[PDB]
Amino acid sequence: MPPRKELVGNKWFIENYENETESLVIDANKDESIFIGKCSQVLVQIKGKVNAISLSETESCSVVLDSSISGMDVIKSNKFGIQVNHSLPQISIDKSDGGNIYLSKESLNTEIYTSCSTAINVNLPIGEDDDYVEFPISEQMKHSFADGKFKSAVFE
C-alpha cells in the first residue's frame, strides 16, 4: 500500500505514510470529513472547519485541527496526540494506548469518551491563565453492592 492523500467526494483519506519529516496539510471545508489510517510518525494538520475527523490504526501520529462539527474518533492508535485550536463536541478514544489531547479555551467543555484505552492525558488551559494542566485519565473501574444498590464508579 503506497502513500495516499486524496479527496473522494467529501471524504479526505490520508493513509500509509511512514516517518514524515514535513507536516502533512489539508485545507478542508465544513462539509468534508477526514480519515487517517495506517500511518506512523506523521502530523496531519487540518485547516478549516470539518464535519468529522477519524484517526485509525496509527502509531505516534498527531492531529492538529481547528474545529469539527461532529467531533473526532481515535481507534487502535498508540502514541497519539490531538491538538484542538477551536472546538469540537467530543473526542472518542477506543482500544488506544497512550494519547495526549490539548484543548482550547473554546474547546474547554469537549466531552471525552474512552474505552479499553490507556495512558490518555487531557490538558486544559486553565492554569496560570491559558497554561496547560495535565489530567491523567483513569482506566480502572470499581463495581460493588453497597447500601442496597450495586453502583459503579471510576477509580480514584
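Position 1 is the first residue in the sequence shown; the rest follow in order.
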Comparing average C-alpha B factors as deposited, tell me which of 91-99 and 122-130 sits higher. 122-130
If you average the CA temperature factors over each stretch, which comes out higher, 22-30 or 106-114? 22-30
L65 CA temperature factor, ranked by third within the chain: lowest
Within-chain third of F145 by Cα B-factor, per the entry: middle
CA B-factor placement of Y17, once the chain's modelled residues are sorted into thirds: highest
B-factor third for the C-alpha atom of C39 within its chain: highest
